[PDB]
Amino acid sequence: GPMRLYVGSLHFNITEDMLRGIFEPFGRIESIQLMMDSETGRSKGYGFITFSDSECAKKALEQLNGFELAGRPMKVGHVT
């Protein structure tokens, strides 16, 4: 089946496009969702990414998790 991933600890300036940039080279992406602040318009610093195939999502998690992006270590995990 597909696979949602939490992506958090993002610099507040990372865009939905940038996540697509960083994650997409791993596999097909069913949906990317960066949580925005409805009041300010800036991101909440976190979001979810859905890979069409889970074995891909797993590689992305492995490769990207705990690694600095914009100087902020990126967190990536499995979500029910």
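The first residue of the shown sequence is 1; numbering continues from there.
**Student:** Would 12-20 or 52-60 have the larger average of its C-alpha temperature factors, as given in the entry?
**Tutor:** The recorded data point to 52-60.
**Student:** Would the CA B-factor of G41 place it in the lowest, middle or highest third of its chain?
**Tutor:** CA B-factor rank for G41: highest third.
**Student:** Going by the entry, which third of its chain does the Cα temperature factor of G66 land in?
**Tutor:** Ranked within chain, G66 CA B lands in the middle tercile.
**Student:** Would you mind ranking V76 by its C-alpha B-factor against the rest of the chain and naming the third, lowest, middle or highest?
**Tutor:** Middle third.
**Student:** Could you look up the Cα B-factor of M3 in the entry and say which third of the chain it sits in: lowest, middle or highest?
**Tutor:** Highest third of the chain for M3's C-alpha B-factor.
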